[PDB]
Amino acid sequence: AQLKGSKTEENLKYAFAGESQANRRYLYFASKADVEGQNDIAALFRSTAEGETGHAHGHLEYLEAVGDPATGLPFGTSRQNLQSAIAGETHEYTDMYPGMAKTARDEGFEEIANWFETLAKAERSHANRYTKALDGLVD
């Protein structure tokens, strides 16, 4: 049984995306509870969120055998990880966010379009900072 090409590979990718989003959603919910004064519920969202971190990183460990789910590229060492991050960030600022910005403007969501443009610029900053770190990597 080779993981590359299997249904189990696409399920690990899907579950990794879901666990990742669950951690994000639960911390967002924790902050809503914070403001409401629901400190016990905020603590519970935070603790559950740690569980989803453990789940997501377990999925990622299995996916080391087949590649980074965001890029298809090898990950593992810091050199590989920086390489995969630069490629993903480059996709985000040259393709994904500008194209989402265009569609938002075309559909009449001007503020959301400016938000996608703000994020394209941020991901370009991320990309260039990771590239600088890769240039300085001594491994």
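Numbering starts at 1 and follows the sequence shown.
Set 4-12 against 129-137 and average the Cα temperature factors; 4-12 ends up higher. When 32-40 is weighed against 59-67, 59-67 comes out higher, by mean CA B-factor as recorded in the entry.
Which of 108, 51, 76, 88 has the largest Cα B-factor in the deposited entry comes down to 108. For residue 19, the recorded CA temperature factor ranks within the middle third of the chain's modelled residues.
Ranked by Cα temperature factor within the chain, residue 113 sits in the highest third according to the deposited record. Remark: residue 101 belongs to the middle third of its chain, ranked by C-alpha B-factor as recorded.
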